[PDB]
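Here the structure comes first, spelled out in structure tokens, and everything after it is commentary.
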Amino acid sequence: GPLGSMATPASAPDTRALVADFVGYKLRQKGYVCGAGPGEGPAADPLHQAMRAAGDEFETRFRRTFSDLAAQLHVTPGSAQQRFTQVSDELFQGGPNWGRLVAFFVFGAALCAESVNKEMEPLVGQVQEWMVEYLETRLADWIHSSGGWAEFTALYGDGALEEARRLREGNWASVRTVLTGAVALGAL
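Residue numbers (this note's numbering): 147 to 334.
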């Protein structure tokens, strides 16, 4: 054969692959459709199917998603990292539960979508790194000690039992509301 023995697999299903998945899938579905590739794969990984069900549920529950997206990019881009980092810290203040984990990725994924629809192409990768870095540096720790991404995949994945579902609901009740003041993206 031409290759194979001299070719190793690139990009494992790690956080980078997961962040590129959710954001890719979302962007590819509403913005970066021409750039088919990131969201070329569906929910099959032990985190993919988890985030997919998360975002979907939160996307339906969050009556304020694309608002802050416009609010931020209403004046001018670039200085979006400070806005993002502010709300991110407020989100990680004391409750990075799976209930909030949804909004964590959803915030950037939605942001990125509207960024590809506007003059914020380079900003997309920034939000992607701001997200993956904040996560890998602090979110991952909470996640690893809590139950892991696998726990989240069981919570709302194939084995999404009624107990796991009500668990997420009761969870976000105390966690998403305690950090509900992270609306620093709400500008004009």
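Just so it is clear, CB atoms sit at the ideal spot from N, CA and C, and this is done for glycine as well.
From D304, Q274, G147, residue whose alpha carbon lies closest to that of residue 338:
As displayed, the chain neither begins before 147 nor continues past 334, which places residue 338 out of reach and without an answer.
Would you tell me roughly how many angstroms separate the C-alpha atoms of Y178 and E236, rounded to the nearest one?
Translated into the one-based positions of the sequence shown, residue 178 becomes position 32. Translated into the one-based positions of the sequence shown, residue 236 becomes position 90. Cα-Cα distance, rounded: 29 Å.
Excluding five sequence neighbours on each side, which residues of the same chain lie with their C-beta closer than 7 Å to the C-beta of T299?
Position 153 of the sequence shown, counted from the start, is the residue given in the question as residue 299. Contacts found: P192, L193, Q195, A196.
Using the Cα positions of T283 and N243, report the straight-line distance between them to the nearest angstrom.
Here residue 283 corresponds to residue number 137 of the sequence shown, with the count starting at 1. Here residue 243 corresponds to residue number 97 of the sequence shown, with the count starting at 1. For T283 and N243, the distance between alpha carbons rounds to 16 Å.
Expected contact under 8 Å - CB spacing of residue 356 and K176 to nearest Å
Nothing about residue 356 can be read from this structure; the chain reaches only from 147 to 334.
What would DSSP say about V329, mapped onto helix, strand or coil?
Taking the sequence shown and counting its residues from 1, the one referred to as residue 329 is at position 183. Coil, per DSSP.
Judging by CA-CA distance, which residue of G245, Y280, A330, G187 is the nearest neighbour of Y302?
Here the question's residue 302 lines up with position 156 in the sequence shown. Per the Cα distances, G245.
What would DSSP say about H220, mapped onto helix, strand or coil?
As a first step, residue 220 is located in the sequence shown; it is residue number 74 there, counting from the start. Reduced to three states, the DSSP call for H220 is coil.
Whole-number beta carbon distance between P188 and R174, since they are thought to touch under 8 Å
Sequence index remark: in the sequence shown, residue 174 carries index 28 (1-based). Sequence index remark: in the sequence shown, residue 188 carries index 42 (1-based). With a Cβ gap of about 11 Å, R174 and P188 do not count as contacting.
Whether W288 touches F230 by CB criterion (8 Å):
For this step, residue 288 is matched to residue 142 along the sequence shown. For this step, residue 230 is matched to residue 84 along the sequence shown. The beta carbons of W288 and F230 sit no closer together than 8 Å.
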